[PDB]
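One structure is given here, and the rest of the page talks about it.
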Amino acid sequence: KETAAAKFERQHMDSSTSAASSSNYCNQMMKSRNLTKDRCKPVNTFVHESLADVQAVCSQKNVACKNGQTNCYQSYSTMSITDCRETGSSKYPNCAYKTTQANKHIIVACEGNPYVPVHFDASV
């Protein structure tokens, strides 16, 4: 089955664009990454950076995750991100999202050898 690292890439990485190009970015990406297939995922963030730059966060500033786990890390630098969260009209299978551009630090949880992101915790 899909690894946690691979799931993180599918859910949260978008190295192919520098930022969201339109208000339909989230609608399209949430669909394309299969985050709407079974149910409308309520909120999601995409990171517009190289994979290696995001994986490198696992050796940056340790911080406890929201859930208290101690394998979370905050990026030293801000990153281009897109916040996706459901609109009031979103109704499965017609999932619908508000796209918001931002430049924020990210917080990810890391696991494994290589030690890589497995969960997107927050934009801060």
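Swiss-Prot numbering applies to chain A: residues 27-150, in that order.
Just so it is clear, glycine is given a Cβ too, placed from its N, Cα and C backbone atoms.
Sequence-distant contacts (6 or more apart, same chain, Cβ under 8 Å) of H38 (active site, proton acceptor) comprise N70, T71, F72, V73, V80, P143, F146. Secondary structure at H38 (active site, proton acceptor), as computed by DSSP, is helix. Summarising the annotation, Swiss-Prot assigns active site, proton acceptor to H38.
The active site, proton donor annotation in Swiss-Prot covers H145. The C-beta environment of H145 (active site, proton donor), restricted to residues of the same chain at least 6 apart in sequence and closer than 8 Å, consists of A30, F34, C91, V134, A135.
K67 (substrate binding site) is surrounded by 18 other CB atoms, counting those within 10 A of its CB over all protein chains shown. The feature substrate binding site is assigned by Swiss-Prot to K33, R36, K67, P68, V69, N70, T71, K92, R111.
For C52 (disulfide bond), applying a Cβ distance below 8 Å and a minimum sequence separation of six or more within one chain yields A46, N70, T108, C110, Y123, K124, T125. Here Swiss-Prot flags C52-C110 (among others) as disulfide bond, drawing on experimental evidence.
Swiss-Prot lists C66-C121 (among others) with the feature disulfide bond, giving experimental evidence as the kind of evidence. The Cβ of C66 (disulfide bond) has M56, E112, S116, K117, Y118, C121, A122 as same-chain neighbours under 8 Å, each 6 or more residues away in sequence.
Sequence-distant contacts of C136 (disulfide bond), defined by Cβ-Cβ distance under 8 angstroms and a gap of at least six in the same chain, are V83, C84, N97, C98, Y99, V142, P143, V144. Summarising the annotation, Swiss-Prot assigns disulfide bond to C84-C136 (among others) and lists experimental evidence as the type of evidence.
Neighbours of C98 (disulfide bond), defined as other CB atoms within 10 A of its CB across all chains, total 23. Marked as disulfide bond by Swiss-Prot on the basis of experimental evidence: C91-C98 (among others).
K27 (glycation site) has a Cβ environment of 5 other Cβ atoms inside 10 Å. The feature glycation site is assigned by Swiss-Prot to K27 (among others).
Look at Swiss-Prot and you will find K33 (among others) tagged as glycation site. For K33 (substrate binding site), the count of additional Cβ atoms within 10 Å of its Cβ stands at 14 [all protein chains shown]. DSSP gives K33 (substrate binding site) a helix state.
For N60, the entry in Swiss-Prot reads N-linked glycosylation site. All protein chains shown were included, and the count of other CB atoms within 10 Å of the CB of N60 (N-linked glycosylation site) stands at 11. The secondary structure of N60 (N-linked glycosylation site), as reduced to three states from DSSP, is coil rather than helix or strand.
Counting only residues at least six positions away in the same chain, no Cβ atom sits under 8 Å from the Cβ of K63 (glycation site). If you look up Swiss-Prot, you'll see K63 (among others) marked as glycation site.
What Swiss-Prot lists as glycation site is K67 (among others), and the listing cites experimental evidence. Under the three-state DSSP scheme, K67 (substrate binding site) falls in the coil class.
Whole-number maximum of the Cα to Cα distances across the substrate-binding residues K33, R36, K67, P68, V69, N70, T71, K92, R111: 22 angstrom.
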